[PDB]
Structure formats: structure tokens, C-alpha cells
file my_file.cif (mmCIF, N, CA and C atoms)
data_target
loop_
_atom_site.label_atom_id
_atom_site.label_comp_id
_atom_site.auth_asym_id
_atom_site.auth_seq_id
_atom_site.Cartn_x
_atom_site.Cartn_y
_atom_site.Cartn_z
N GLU A 1 -4.33 -10.57 -5.72
CA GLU A 1 -4.35 -10.90 -4.30
C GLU A 1 -2.95 -10.94 -3.72
N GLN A 2 -2.03 -10.21 -4.35
CA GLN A 2 -0.66 -10.16 -3.88
C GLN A 2 -0.23 -8.73 -3.71
N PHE A 3 0.21 -8.40 -2.51
CA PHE A 3 0.71 -7.07 -2.23
C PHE A 3 1.89 -6.66 -3.10
N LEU A 4 2.16 -5.38 -3.15
CA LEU A 4 3.22 -4.85 -3.99
C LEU A 4 4.59 -5.33 -3.52
N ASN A 5 5.40 -5.78 -4.47
CA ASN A 5 6.80 -6.07 -4.19
C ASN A 5 7.51 -4.80 -3.72
N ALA A 6 8.41 -4.95 -2.75
CA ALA A 6 9.15 -3.79 -2.24
C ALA A 6 9.82 -3.03 -3.38
N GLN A 7 10.28 -3.76 -4.38
CA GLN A 7 10.93 -3.14 -5.52
C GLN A 7 9.92 -2.35 -6.32
N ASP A 8 8.68 -2.80 -6.34
CA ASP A 8 7.63 -2.07 -7.04
C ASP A 8 7.11 -0.89 -6.23
N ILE A 9 7.16 -0.97 -4.89
CA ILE A 9 6.88 0.21 -4.09
C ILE A 9 7.90 1.30 -4.40
N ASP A 10 9.18 0.93 -4.44
CA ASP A 10 10.21 1.91 -4.76
C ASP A 10 10.00 2.48 -6.16
N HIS A 11 9.64 1.63 -7.12
CA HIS A 11 9.41 2.09 -8.49
C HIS A 11 8.24 3.06 -8.56
N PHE A 12 7.14 2.73 -7.89
CA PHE A 12 5.98 3.62 -7.85
C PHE A 12 6.36 4.98 -7.28
N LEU A 13 7.04 5.01 -6.16
CA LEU A 13 7.39 6.27 -5.55
C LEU A 13 8.42 7.03 -6.37
N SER A 14 9.30 6.34 -7.08
CA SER A 14 10.25 7.03 -7.94
C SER A 14 9.56 7.67 -9.13
N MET A 15 8.59 6.97 -9.73
CA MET A 15 7.86 7.56 -10.84
C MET A 15 6.81 8.57 -10.39
N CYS A 16 6.52 8.63 -9.09
CA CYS A 16 5.78 9.76 -8.55
C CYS A 16 6.61 11.04 -8.50
N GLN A 17 7.89 10.97 -8.82
CA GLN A 17 8.75 12.12 -8.74
C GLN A 17 9.25 12.55 -10.11
N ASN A 18 8.69 12.01 -11.18
CA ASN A 18 9.13 12.35 -12.52
C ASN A 18 8.88 13.83 -12.84
N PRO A 19 9.95 14.63 -12.95
CA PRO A 19 9.73 16.07 -13.17
C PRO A 19 8.97 16.37 -14.45
N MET A 20 9.18 15.59 -15.51
CA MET A 20 8.50 15.82 -16.79
C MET A 20 7.14 15.13 -16.77
N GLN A 21 6.30 15.52 -15.80
CA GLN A 21 4.94 14.96 -15.67
C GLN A 21 4.19 15.85 -14.71
N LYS A 22 2.86 15.90 -14.81
CA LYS A 22 2.09 16.68 -13.87
C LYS A 22 2.11 16.01 -12.51
N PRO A 23 2.34 16.79 -11.45
CA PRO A 23 2.43 16.20 -10.12
C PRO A 23 1.21 15.32 -9.80
N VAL A 24 1.39 14.16 -9.18
CA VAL A 24 0.28 13.23 -8.93
C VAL A 24 -0.71 13.88 -7.96
N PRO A 25 -2.02 13.65 -8.11
CA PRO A 25 -3.01 14.28 -7.24
C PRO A 25 -3.26 13.53 -5.93
N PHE A 26 -2.18 13.14 -5.25
CA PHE A 26 -2.31 12.42 -3.99
C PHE A 26 -0.99 12.45 -3.25
N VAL A 27 -1.03 12.03 -1.99
CA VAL A 27 0.16 11.90 -1.15
C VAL A 27 0.48 10.41 -1.05
N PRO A 28 1.61 9.95 -1.60
CA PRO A 28 1.86 8.50 -1.63
C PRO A 28 2.57 7.96 -0.40
N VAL A 29 3.22 8.81 0.38
CA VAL A 29 4.02 8.36 1.52
C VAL A 29 4.25 9.53 2.45
N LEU A 30 4.51 9.23 3.73
CA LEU A 30 4.89 10.23 4.72
C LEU A 30 6.37 10.04 5.04
N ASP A 31 7.15 11.06 4.72
CA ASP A 31 8.56 10.97 4.94
C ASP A 31 9.09 12.38 4.91
N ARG A 32 10.39 12.54 4.68
CA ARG A 32 11.00 13.85 4.69
C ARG A 32 10.44 14.77 3.64
N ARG A 33 9.92 14.21 2.56
CA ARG A 33 9.40 15.01 1.47
C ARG A 33 7.91 15.27 1.61
N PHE A 34 7.39 15.21 2.81
CA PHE A 34 5.95 15.35 2.99
C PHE A 34 5.49 16.76 2.65
N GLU A 35 6.27 17.78 3.01
CA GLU A 35 5.88 19.15 2.69
C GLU A 35 5.78 19.35 1.19
N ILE A 36 6.76 18.85 0.44
CA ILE A 36 6.73 18.98 -1.01
C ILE A 36 5.53 18.24 -1.58
N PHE A 37 5.28 17.02 -1.10
CA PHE A 37 4.13 16.27 -1.60
C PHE A 37 2.82 16.97 -1.27
N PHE A 38 2.75 17.64 -0.12
CA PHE A 38 1.53 18.28 0.34
C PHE A 38 1.24 19.57 -0.42
N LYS A 39 2.26 20.39 -0.66
CA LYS A 39 2.05 21.76 -1.13
C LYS A 39 2.19 21.94 -2.64
N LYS A 40 2.91 21.05 -3.32
CA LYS A 40 3.23 21.29 -4.72
C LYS A 40 1.97 21.26 -5.59
N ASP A 41 1.93 22.14 -6.59
CA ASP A 41 0.83 22.20 -7.54
C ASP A 41 -0.49 22.34 -6.82
N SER A 42 -0.66 23.43 -6.09
CA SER A 42 -1.85 23.60 -5.27
C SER A 42 -2.89 24.57 -5.77
N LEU A 43 -2.65 25.25 -6.89
CA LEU A 43 -3.56 26.31 -7.36
C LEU A 43 -4.52 26.00 -8.50
N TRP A 44 -4.35 24.90 -9.19
CA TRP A 44 -5.17 24.60 -10.37
C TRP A 44 -6.48 23.94 -10.03
N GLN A 45 -6.55 23.31 -8.88
CA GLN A 45 -7.75 22.55 -8.52
C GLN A 45 -9.02 23.38 -8.38
N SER A 46 -8.88 24.66 -8.07
CA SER A 46 -10.04 25.54 -7.91
C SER A 46 -10.74 25.82 -9.23
N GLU A 47 -10.03 25.74 -10.35
CA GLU A 47 -10.69 25.88 -11.64
C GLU A 47 -11.01 24.57 -12.32
N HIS A 48 -10.74 23.46 -11.66
CA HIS A 48 -10.95 22.13 -12.25
C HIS A 48 -11.55 21.19 -11.21
N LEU A 49 -12.60 21.61 -10.55
CA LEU A 49 -13.17 20.81 -9.46
C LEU A 49 -13.67 19.44 -9.91
N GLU A 50 -13.85 19.21 -11.20
CA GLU A 50 -14.22 17.87 -11.64
C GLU A 50 -13.12 16.85 -11.36
N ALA A 51 -11.88 17.30 -11.19
CA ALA A 51 -10.75 16.42 -10.91
C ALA A 51 -10.40 16.38 -9.43
N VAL A 52 -11.26 16.93 -8.57
CA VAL A 52 -11.07 16.86 -7.13
C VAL A 52 -11.90 15.69 -6.61
N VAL A 53 -11.57 15.23 -5.40
CA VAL A 53 -12.06 13.94 -4.93
C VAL A 53 -13.59 13.89 -4.97
N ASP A 54 -14.24 14.91 -4.42
CA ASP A 54 -15.70 14.95 -4.37
C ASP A 54 -16.26 16.21 -5.02
N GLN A 55 -15.51 16.83 -5.92
CA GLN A 55 -15.90 18.11 -6.51
C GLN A 55 -16.18 19.13 -5.40
N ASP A 56 -15.36 19.08 -4.36
CA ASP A 56 -15.54 19.89 -3.16
C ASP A 56 -14.52 21.02 -3.15
N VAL A 57 -15.02 22.26 -3.14
CA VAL A 57 -14.12 23.42 -3.04
C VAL A 57 -13.41 23.43 -1.70
N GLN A 58 -14.08 22.98 -0.64
CA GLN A 58 -13.50 23.07 0.69
C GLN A 58 -12.18 22.31 0.79
N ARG A 59 -11.92 21.39 -0.13
CA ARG A 59 -10.62 20.74 -0.18
C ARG A 59 -9.56 21.64 -0.81
N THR A 60 -9.97 22.57 -1.65
CA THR A 60 -9.02 23.37 -2.43
C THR A 60 -8.46 24.65 -1.86
N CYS A 61 -7.54 25.24 -2.60
CA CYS A 61 -6.90 26.47 -2.17
C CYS A 61 -7.22 27.62 -3.12
N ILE A 62 -7.85 28.67 -2.60
CA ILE A 62 -8.24 29.83 -3.42
C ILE A 62 -7.58 31.09 -2.89
N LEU A 63 -6.94 31.83 -3.77
CA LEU A 63 -6.24 33.05 -3.42
C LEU A 63 -7.19 34.24 -3.50
N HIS A 64 -7.30 34.99 -2.41
CA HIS A 64 -8.20 36.14 -2.35
C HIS A 64 -7.73 37.08 -1.26
N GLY A 65 -8.11 38.35 -1.40
CA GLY A 65 -7.65 39.39 -0.50
C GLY A 65 -8.66 39.72 0.58
N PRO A 66 -8.19 39.89 1.83
CA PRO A 66 -9.13 40.18 2.92
C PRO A 66 -9.92 41.46 2.74
N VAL A 67 -9.30 42.53 2.23
CA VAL A 67 -9.98 43.83 2.09
C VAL A 67 -10.72 43.99 0.78
N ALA A 68 -10.19 43.46 -0.31
CA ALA A 68 -10.89 43.49 -1.58
C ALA A 68 -12.13 42.60 -1.58
N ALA A 69 -12.19 41.64 -0.66
CA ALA A 69 -13.34 40.74 -0.60
C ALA A 69 -14.62 41.47 -0.21
N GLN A 70 -14.53 42.66 0.34
CA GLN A 70 -15.72 43.39 0.73
C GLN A 70 -16.59 43.78 -0.46
N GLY B 1 28.45 -43.73 17.33
CA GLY B 1 28.09 -43.99 18.70
C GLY B 1 26.78 -44.71 18.87
N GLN B 2 26.35 -45.48 17.87
CA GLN B 2 25.10 -46.24 17.92
C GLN B 2 23.90 -45.31 18.06
N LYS B 3 23.89 -44.24 17.28
CA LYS B 3 22.78 -43.28 17.28
C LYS B 3 21.93 -43.52 16.04
N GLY B 4 20.95 -44.40 16.18
CA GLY B 4 19.95 -44.62 15.15
C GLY B 4 18.69 -43.83 15.46
N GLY B 5 18.05 -43.34 14.41
CA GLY B 5 16.85 -42.54 14.59
C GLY B 5 15.96 -42.63 13.37
N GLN B 6 14.66 -42.51 13.61
CA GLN B 6 13.67 -42.52 12.55
C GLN B 6 12.58 -41.52 12.86
N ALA B 7 12.10 -40.84 11.82
CA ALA B 7 10.94 -39.97 11.92
C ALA B 7 9.99 -40.27 10.77
N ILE B 8 8.70 -40.10 11.02
CA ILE B 8 7.66 -40.29 10.02
C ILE B 8 6.92 -38.98 9.88
N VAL B 9 6.86 -38.46 8.66
CA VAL B 9 6.16 -37.22 8.35
C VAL B 9 4.98 -37.57 7.45
N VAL B 10 3.79 -37.11 7.83
CA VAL B 10 2.57 -37.39 7.10
C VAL B 10 2.09 -36.12 6.41
N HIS B 11 1.45 -36.25 5.27
CA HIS B 11 0.94 -35.11 4.55
C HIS B 11 0.05 -34.28 5.44
N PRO B 12 0.16 -32.95 5.34
CA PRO B 12 -0.62 -32.09 6.25
C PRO B 12 -2.13 -32.17 6.06
N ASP B 13 -2.63 -32.49 4.87
CA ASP B 13 -4.08 -32.50 4.63
C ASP B 13 -4.82 -33.57 5.40
N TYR B 14 -4.13 -34.51 6.01
CA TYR B 14 -4.77 -35.46 6.88
C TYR B 14 -5.11 -34.85 8.23
N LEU B 15 -4.54 -33.71 8.58
CA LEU B 15 -4.89 -33.05 9.83
C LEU B 15 -6.30 -32.47 9.77
N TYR B 16 -6.66 -31.88 8.63
CA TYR B 16 -7.86 -31.05 8.56
C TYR B 16 -9.14 -31.87 8.59
N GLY B 17 -9.07 -33.17 8.31
CA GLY B 17 -10.23 -34.02 8.45
C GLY B 17 -10.69 -34.19 9.88
N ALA B 18 -9.95 -33.68 10.85
CA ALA B 18 -10.29 -33.84 12.24
C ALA B 18 -10.97 -32.62 12.82
N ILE B 19 -11.24 -31.62 12.00
CA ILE B 19 -11.86 -30.39 12.46
C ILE B 19 -13.10 -30.11 11.63
N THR B 20 -13.90 -29.15 12.09
CA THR B 20 -15.14 -28.79 11.43
C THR B 20 -14.88 -27.82 10.28
N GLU B 21 -15.90 -27.65 9.44
CA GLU B 21 -15.76 -26.78 8.27
C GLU B 21 -15.51 -25.33 8.68
N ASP B 22 -16.21 -24.85 9.70
CA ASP B 22 -16.05 -23.46 10.12
C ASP B 22 -14.64 -23.19 10.63
N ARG B 23 -14.11 -24.11 11.44
CA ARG B 23 -12.74 -23.96 11.92
C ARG B 23 -11.76 -23.97 10.75
N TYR B 24 -11.95 -24.86 9.79
CA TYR B 24 -11.09 -24.90 8.62
C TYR B 24 -11.10 -23.63 7.82
N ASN B 25 -12.27 -23.02 7.66
CA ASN B 25 -12.38 -21.82 6.87
C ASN B 25 -11.79 -20.64 7.59
N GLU B 26 -11.94 -20.60 8.89
CA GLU B 26 -11.34 -19.56 9.68
C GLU B 26 -9.83 -19.67 9.61
N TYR B 27 -9.29 -20.87 9.71
CA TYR B 27 -7.85 -21.09 9.61
C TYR B 27 -7.34 -20.69 8.23
N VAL B 28 -8.07 -21.01 7.18
CA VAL B 28 -7.60 -20.75 5.84
C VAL B 28 -7.51 -19.26 5.59
N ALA B 29 -8.46 -18.51 6.09
CA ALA B 29 -8.42 -17.07 5.96
C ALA B 29 -7.29 -16.47 6.77
N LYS B 30 -7.08 -16.96 7.97
CA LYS B 30 -5.98 -16.49 8.79
C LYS B 30 -4.63 -16.76 8.12
N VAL B 31 -4.47 -17.90 7.48
CA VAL B 31 -3.21 -18.24 6.87
C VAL B 31 -2.98 -17.44 5.60
N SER B 32 -4.04 -17.12 4.86
CA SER B 32 -3.89 -16.27 3.69
C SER B 32 -3.43 -14.87 4.06
N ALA B 33 -3.97 -14.31 5.12
CA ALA B 33 -3.53 -13.02 5.60
C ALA B 33 -2.08 -13.08 6.03
N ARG B 34 -1.70 -14.10 6.79
CA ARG B 34 -0.34 -14.23 7.26
C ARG B 34 0.63 -14.42 6.11
N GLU B 35 0.23 -15.04 5.02
CA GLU B 35 1.12 -15.23 3.91
C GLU B 35 1.37 -13.95 3.15
N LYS B 36 0.37 -13.11 3.05
CA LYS B 36 0.52 -11.84 2.38
C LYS B 36 1.44 -10.93 3.14
N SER B 37 1.37 -10.96 4.45
CA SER B 37 2.27 -10.17 5.25
C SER B 37 3.67 -10.75 5.29
N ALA B 38 3.80 -12.07 5.30
CA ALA B 38 5.12 -12.66 5.22
C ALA B 38 5.79 -12.39 3.88
N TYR B 39 5.05 -12.26 2.79
CA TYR B 39 5.63 -11.94 1.51
C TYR B 39 6.17 -10.53 1.50
N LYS B 40 5.42 -9.62 2.06
CA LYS B 40 5.88 -8.26 2.17
C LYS B 40 7.14 -8.12 3.03
N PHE B 41 7.19 -8.78 4.18
CA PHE B 41 8.37 -8.75 5.00
C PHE B 41 9.52 -9.39 4.29
N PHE B 42 9.31 -10.53 3.64
CA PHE B 42 10.43 -11.21 3.03
C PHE B 42 11.09 -10.34 1.97
N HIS B 43 10.30 -9.72 1.10
CA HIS B 43 10.92 -8.97 0.02
C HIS B 43 11.57 -7.69 0.52
N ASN B 44 10.96 -6.97 1.45
CA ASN B 44 11.61 -5.82 2.03
C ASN B 44 12.93 -6.21 2.68
N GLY B 45 12.92 -7.26 3.50
CA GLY B 45 14.15 -7.68 4.14
C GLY B 45 15.20 -8.13 3.15
N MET B 46 14.79 -8.76 2.06
CA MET B 46 15.75 -9.22 1.07
C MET B 46 16.45 -8.05 0.40
N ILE B 47 15.69 -7.07 -0.09
CA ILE B 47 16.35 -6.01 -0.84
C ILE B 47 17.10 -5.05 0.08
N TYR B 48 16.67 -4.91 1.34
CA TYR B 48 17.34 -4.00 2.25
C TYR B 48 18.25 -4.71 3.26
#

call {"tool": "encode", "arguments": {"input": "my_file.cif", "output": "C-alpha cells"}}
result
Amino acid sequence: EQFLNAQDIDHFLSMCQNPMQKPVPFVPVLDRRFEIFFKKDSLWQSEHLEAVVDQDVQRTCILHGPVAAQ
Amino acid sequence: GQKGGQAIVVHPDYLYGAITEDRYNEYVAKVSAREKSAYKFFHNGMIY
């Protein structure tokens, strides 16, 4: 029943940036790094929909060609 | 300069016997919320 200590907010967000780890599957804050948080590691979710919020493809990103799709 | 003064402070729990249970419970919830937000402000302000 106690909110996060400011020092623990900083710790959480710092360990959200650990390069030697798979990028976290969420956006933890809105700031200058919002584009990086939004776009990084965006292609694996289409083959692993069990790890998506509602197993919803419409949340994911799929690469496909406009003309080859015919 | 002959400045004498006295104050009497009484324990706060004697106040709540003068109100109803619903008012007390509403106040207690309001104060719990305010304390959680004051803790967040205090620690952010302290470190920054």
C-alpha cells in the first residue's frame, strides 16, 4: 500500500534500458525516448502472439508487400 | 518583558468521538490517499 520511492522509479526505468536483456514489452514512461520505447523490437510479436496482450494480431506489426499480396 | 504563555494540546483521538462512523471512515480514506501522495512528493523533492 505504498507507492514507489522516487529512487525506485529511477531504478526501474534504468533497468528497463539494460542492453543485455530483451526489450521490455511495454512503454514505461513518456519522455524524449518515447520513439525508441515505441518502435524497438517490433517484429517478433507476429510469430509469438501468446505473448501479446490479448493474443491480438491487430496490435502487431507484419511486413508484407502491396503487389505480392495479390 | 513579562510575556507568560501557556498552551494545552490534547490527543487527536478525542476529536473523532464527536462525529459519526460514516464521517470518520470517509475522513480516514481521504487521509490515506493524501498520505500516499505526500510520500511521493516528499521523496521526489528530496532527491531532486

call {"tool": "closest_atom_pairs", "arguments": {"input": "my_file.cif", "of": "chain B", "to": "chain A", "cutoff": "6.5 Å", "atoms": "all atoms listed in the file", "output": "CSV"}}
result
residue,atom,partner,partner_atom,distance
B:36,CA,A:3,N,6.0
B:40,CA,A:6,N,6.4
B:43,C,A:6,N,5.3
B:44,N,A:6,CA,5.2

call {"tool": "write_last_selection", "arguments": {"input": "my_file.cif", "atoms": "N, CA and C atoms", "output": "mmCIF file, keeping the file's coordinate frame"}}
result
data_model
loop_
_atom_site.group_PDB
_atom_site.id
_atom_site.type_symbol
_atom_site.label_atom_id
_atom_site.label_comp_id
_atom_site.auth_asym_id
_atom_site.auth_seq_id
_atom_site.Cartn_x
_atom_site.Cartn_y
_atom_site.Cartn_z
ATOM 1 N N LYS B 36 0.370 -13.110 3.050
ATOM 2 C CA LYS B 36 0.520 -11.840 2.380
ATOM 3 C C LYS B 36 1.440 -10.930 3.140
ATOM 4 N N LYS B 40 5.420 -9.620 2.060
ATOM 5 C CA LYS B 40 5.880 -8.260 2.170
ATOM 6 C C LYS B 40 7.140 -8.120 3.030
ATOM 7 N N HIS B 43 10.300 -9.720 1.100
ATOM 8 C CA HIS B 43 10.920 -8.970 0.020
ATOM 9 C C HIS B 43 11.570 -7.690 0.520
ATOM 10 N N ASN B 44 10.960 -6.970 1.450
ATOM 11 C CA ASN B 44 11.610 -5.820 2.030
ATOM 12 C C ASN B 44 12.930 -6.210 2.680
#

call {"tool": "atom_distance", "arguments": {"input": "my_file.cif", "atom1": "atom N of residue 48 in chain A", "atom2": "atom C of residue 30 in chain A"}}
result
27.4 Å

call {"tool": "select_by_dssp", "arguments": {"input": "my_file.cif", "residues": "chain A", "states": "helix (DSSP H, G or I)", "output": "mmCIF file with N, CA and C atoms, keeping the file's coordinate frame"}}
result
data_model
loop_
_atom_site.group_PDB
_atom_site.id
_atom_site.type_symbol
_atom_site.label_atom_id
_atom_site.label_comp_id
_atom_site.auth_asym_id
_atom_site.auth_seq_id
_atom_site.Cartn_x
_atom_site.Cartn_y
_atom_site.Cartn_z
ATOM 1 N N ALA A 6 8.410 -4.950 -2.750
ATOM 2 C CA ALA A 6 9.150 -3.790 -2.240
ATOM 3 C C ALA A 6 9.820 -3.030 -3.380
ATOM 4 N N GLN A 7 10.280 -3.760 -4.380
ATOM 5 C CA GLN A 7 10.930 -3.140 -5.520
ATOM 6 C C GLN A 7 9.920 -2.350 -6.320
ATOM 7 N N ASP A 8 8.680 -2.800 -6.340
ATOM 8 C CA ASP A 8 7.630 -2.070 -7.040
ATOM 9 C C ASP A 8 7.110 -0.890 -6.230
ATOM 10 N N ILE A 9 7.160 -0.970 -4.890
ATOM 11 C CA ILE A 9 6.880 0.210 -4.090
ATOM 12 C C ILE A 9 7.900 1.300 -4.400
ATOM 13 N N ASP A 10 9.180 0.930 -4.440
ATOM 14 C CA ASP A 10 10.210 1.910 -4.760
ATOM 15 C C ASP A 10 10.000 2.480 -6.160
ATOM 16 N N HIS A 11 9.640 1.630 -7.120
ATOM 17 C CA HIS A 11 9.410 2.090 -8.490
ATOM 18 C C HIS A 11 8.240 3.060 -8.560
ATOM 19 N N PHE A 12 7.140 2.730 -7.890
ATOM 20 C CA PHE A 12 5.980 3.620 -7.850
ATOM 21 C C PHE A 12 6.360 4.980 -7.280
ATOM 22 N N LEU A 13 7.040 5.010 -6.160
ATOM 23 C CA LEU A 13 7.390 6.270 -5.550
ATOM 24 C C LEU A 13 8.420 7.030 -6.370
ATOM 25 N N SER A 14 9.300 6.340 -7.080
ATOM 26 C CA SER A 14 10.250 7.030 -7.940
ATOM 27 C C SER A 14 9.560 7.670 -9.130
ATOM 28 N N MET A 15 8.590 6.970 -9.730
ATOM 29 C CA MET A 15 7.860 7.560 -10.840
ATOM 30 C C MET A 15 6.810 8.570 -10.390
ATOM 31 N N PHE A 34 7.390 15.210 2.810
ATOM 32 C CA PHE A 34 5.950 15.350 2.990
ATOM 33 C C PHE A 34 5.490 16.760 2.650
ATOM 34 N N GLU A 35 6.270 17.780 3.010
ATOM 35 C CA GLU A 35 5.880 19.150 2.690
ATOM 36 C C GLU A 35 5.780 19.350 1.190
ATOM 37 N N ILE A 36 6.760 18.850 0.440
ATOM 38 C CA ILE A 36 6.730 18.980 -1.010
ATOM 39 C C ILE A 36 5.530 18.240 -1.580
ATOM 40 N N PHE A 37 5.280 17.020 -1.100
ATOM 41 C CA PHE A 37 4.130 16.270 -1.600
ATOM 42 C C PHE A 37 2.820 16.970 -1.270
ATOM 43 N N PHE A 38 2.750 17.640 -0.120
ATOM 44 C CA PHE A 38 1.530 18.280 0.340
ATOM 45 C C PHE A 38 1.240 19.570 -0.420
ATOM 46 N N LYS A 39 2.260 20.390 -0.660
ATOM 47 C CA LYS A 39 2.050 21.760 -1.130
ATOM 48 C C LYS A 39 2.190 21.940 -2.640
ATOM 49 N N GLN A 45 -6.550 23.310 -8.880
ATOM 50 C CA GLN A 45 -7.750 22.550 -8.520
ATOM 51 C C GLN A 45 -9.020 23.380 -8.380
ATOM 52 N N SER A 46 -8.880 24.660 -8.070
ATOM 53 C CA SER A 46 -10.040 25.540 -7.910
ATOM 54 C C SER A 46 -10.740 25.820 -9.230
ATOM 55 N N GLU A 47 -10.030 25.740 -10.350
ATOM 56 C CA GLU A 47 -10.690 25.880 -11.640
ATOM 57 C C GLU A 47 -11.010 24.570 -12.320
ATOM 58 N N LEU A 49 -12.600 21.610 -10.550
ATOM 59 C CA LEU A 49 -13.170 20.810 -9.460
ATOM 60 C C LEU A 49 -13.670 19.440 -9.910
ATOM 61 N N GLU A 50 -13.850 19.210 -11.200
ATOM 62 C CA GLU A 50 -14.220 17.870 -11.640
ATOM 63 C C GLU A 50 -13.120 16.850 -11.360
ATOM 64 N N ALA A 51 -11.880 17.300 -11.190
ATOM 65 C CA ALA A 51 -10.750 16.420 -10.910
ATOM 66 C C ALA A 51 -10.400 16.380 -9.430
ATOM 67 N N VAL A 57 -15.020 22.260 -3.140
ATOM 68 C CA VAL A 57 -14.120 23.420 -3.040
ATOM 69 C C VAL A 57 -13.410 23.430 -1.700
ATOM 70 N N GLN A 58 -14.080 22.980 -0.640
ATOM 71 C CA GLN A 58 -13.500 23.070 0.690
ATOM 72 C C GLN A 58 -12.180 22.310 0.790
ATOM 73 N N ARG A 59 -11.920 21.390 -0.130
ATOM 74 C CA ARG A 59 -10.620 20.740 -0.180
ATOM 75 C C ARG A 59 -9.560 21.640 -0.810
#

call {"tool": "atom_distance", "arguments": {"input": "my_file.cif", "atom1": "CA of residue 47 in chain A", "atom2": "CA of residue 62 in chain A"}}
result
9.4 Å

call {"tool": "atom_distance", "arguments": {"input": "my_file.cif", "atom1": "atom N of residue 10 in chain A", "atom2": "atom C of residue 28 in chain A"}}
result
10.5 Å

call {"tool": "resolve_selection", "arguments": {"input": "my_file.cif", "expression": "the PyMOL selection byres (((chain A and resi 16 and name CA) around 12) and name CA)", "output": "JSON, numbers by chain"}}
result
{"A": [9, 10, 11, 12, 13, 14, 15, 17, 18, 19, 20, 21, 22, 23, 24, 25, 26, 27, 28, 29, 33, 36, 37]}

call {"tool": "residues_around", "arguments": {"input": "my_file.cif", "residues": "residue 63 in chain A", "least_positions_apart": "3", "cutoff": "8 Å", "atoms": "all atoms listed in the file", "output": "JSON, numbers by chain"}}
result
{"A": [43, 60, 66]}
